[PDB]
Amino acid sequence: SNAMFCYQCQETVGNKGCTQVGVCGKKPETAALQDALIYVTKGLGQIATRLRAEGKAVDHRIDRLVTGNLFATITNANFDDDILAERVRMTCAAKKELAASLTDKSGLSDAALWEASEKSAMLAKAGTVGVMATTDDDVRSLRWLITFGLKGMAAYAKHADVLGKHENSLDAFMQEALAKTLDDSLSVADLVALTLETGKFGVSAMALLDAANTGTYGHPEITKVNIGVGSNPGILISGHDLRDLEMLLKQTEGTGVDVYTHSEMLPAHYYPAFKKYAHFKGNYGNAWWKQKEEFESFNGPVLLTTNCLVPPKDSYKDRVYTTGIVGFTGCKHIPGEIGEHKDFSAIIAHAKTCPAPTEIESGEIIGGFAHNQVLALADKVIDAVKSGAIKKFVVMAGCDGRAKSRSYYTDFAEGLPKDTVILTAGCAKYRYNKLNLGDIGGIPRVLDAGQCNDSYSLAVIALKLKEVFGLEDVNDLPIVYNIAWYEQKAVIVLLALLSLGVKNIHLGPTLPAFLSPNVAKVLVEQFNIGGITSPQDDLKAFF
């Protein structure tokens, strides 16, 4: 008997499932608490959906509980059992109160009705409500594909909410879709439909977050980002939340403490508002998975605004600070998941007692090619395609990870002919954004649109090109998709692209373990999804 079962990320054991301990470090009781939390969140979703159908209000506090719950269970987000158990209690309390408001309680699921306050009872329940609770391979596969897409959607929705933007249709959809994943009456056809609908609301969530980010901090613009370091004490901010950065920059003004970004905070440099803080230094290091080395050499405190946090080495654990829904037992936490004032005074004081960062590399990288910036360059991009200067774009967006096989993405990028342009977003970029790939007529051969959510900009750009060229099908553009995935945000990006009609996506370095043979067949037959082989073979075959 397995102590746990989790298969939601690319690194799952054997591309089958983590059954003893997660490759990410997630322990079985942590995994169990997350399974219980997801179950009661789906129950809450049913109750909220039923209230809306009865014409009754559902407060936005409930929406926030749902998004925080989903995000807390995303890969590398929260390993803190005390926090996870308390989210289970809060969810049980909330859904019991909401159910009291229903006129008709008929048909409420066990997830809607079940509750526990004792951790032991949560762990026992978890054992019978995990992935394996669904017997049927295709229904199971689609339920979990949808659930994972919803987690990614919720993450993006939550960042938009932190910045003051929320849409009732989006929160209502997430809650309804969660509930549908426990409805045994839905057919495989119903669940394939729901998968595509999930992709559509993925686009909606990304659009909302794009509007929130750009509306608050300006549209990204071309930017040179220093990757070397200064000589002052610093704080390294990681994850994705731009509001946390704004507060940190404001509070470090005049202190003598510099602020550096890491992994998915790199794109903050591209926003005009952040360029007005003189102590906002560069981007330090590479993608999340190198952090045991890079957080050590940074020397100063590190703030995780979201995933990915890897279980920290004892050498720097005392200077790791979590915030939002991030957690790790024994790491200091700065409270807040709604963009409210956060007091960074302790992290600033801590930074002053640490050495300045140890430099890993020097120079700069260029980015800021999000939708406004690229549409401003559209005529020139179009002219370069028409003249043959740009023969192909390769979308290499997505999420990086530890696997040795990901050398493929570096080698593929290096081996591309010099008449191609790489479009990127998300930490997948680190496999090739430190190479020297040049330019085509002044256009850099790597165009970084931003965070994984800024894959939205890549879709907007592709749709603009489709319009200008007068094409009937987006797939007739000279674009190859060679996307790397790791966790559930990458999953929603993939579903979003499928909902937009993008075919021929090459996904890697492996295909998700949660795709059953029949579900994978639908994706191949209707969307021509494929995987990777060697970089040299694919450099021939993909073109």
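Numbering starts at 1 and follows the sequence shown.
The PDB entry records a higher mean C-alpha B factor for 358-366 than for its counterpart among 261-269 and 358-366. Just going by the entry, 501-509 versus 482-490 on mean CA temperature factor gives the higher value to 501-509. As recorded in the entry, 130 carries the highest CA temperature factor of 234, 199, 398, 130. The residue among 76, 187, 424, 299 whose C-alpha atom has the highest B-factor in the PDB entry is 187. Ranked by C-alpha B-factor against the other modelled residues of its chain, residue 35 falls in the lowest third.
In the PDB entry, residue 171 places in the middle third of its chain by CA B-factor. Sorting the modelled residues of the chain by their CA temperature factor places residue 181 in the middle third.
Per-chain ranking of the deposited C-alpha B factor places residue 9 in the lowest third. Per-chain ranking of the deposited C-alpha B factor places residue 518 in the highest third.
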